[PDB]
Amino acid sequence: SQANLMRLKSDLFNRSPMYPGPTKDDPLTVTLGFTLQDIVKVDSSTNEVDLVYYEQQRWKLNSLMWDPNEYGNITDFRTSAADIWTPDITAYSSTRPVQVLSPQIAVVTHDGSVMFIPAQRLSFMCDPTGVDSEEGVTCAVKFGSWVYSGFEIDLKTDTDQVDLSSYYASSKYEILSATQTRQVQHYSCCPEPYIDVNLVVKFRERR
């Protein structure tokens, strides 16, 4: 019952070594999704803007697979995100260290898929001049792996539209559009694809 989940958790985490990270010969693809919750604060004297959002991260590890027959028909569970390997998806133009607003607990299912949704608050580089106007301003921040190239981490988005269905209605900024575009970049020197997700949001103060 609970015995079965203590037993499968014990067979997945105490037995095996820690997963050592993706390689060229056994790479992995992470899928990203942002749910944007509030444009909290804009700062014209430094051009840094503060966002609160949900980042939906999802990947698949063969070492986290298991067969439900063996475990009282159990099919998924939640665990501390510290108990499992997680990716190094990081904001590329952040200006302070990111703040976690939520528990960090991932869901693991028998195919070896893990979904993980940290709610975060981020400061990043953005010039706000024009937030007054009816046009608004546009900001962009890219996310991607910090050490792994495209040959080891692939990123993928399920949609190009940032989910604005839980944006704070009476925020200090109106959201006009919000896109999560996936981008690849090559350099002359080098074979490798470099993949990032570009979060572009266009906004203005309310009126």
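Numbers for residues come from their place in the sequence shown, where the first is 1.
Stretches compared: 34-42, 64-72. Higher mean C-alpha B-factor in the entry: 64-72. Look at the mean CA B-factor for 14-22 and for 195-203 in the entry; the higher one is 14-22.
Comparing C-alpha B-factors across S102, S123, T129, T86 in the deposited entry, the largest value falls on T129.
In the PDB entry, the Cα temperature factor peaks, among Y54, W146, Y168, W59, at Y168. For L176, the recorded CA temperature factor ranks within the highest third of the chain's modelled residues. Among the modelled residues of its chain, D163 has a C-alpha B-factor that falls in the lowest third according to the deposited record. Looking at the C-alpha B-factors along this chain, the one for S133 belongs to the highest third. Placement of the Cα temperature factor of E48 within the chain: highest third of the modelled residues, per the deposited record.
Compared with the other modelled residues of the chain, the Cα B-factor recorded for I153 ranks in the middle third.
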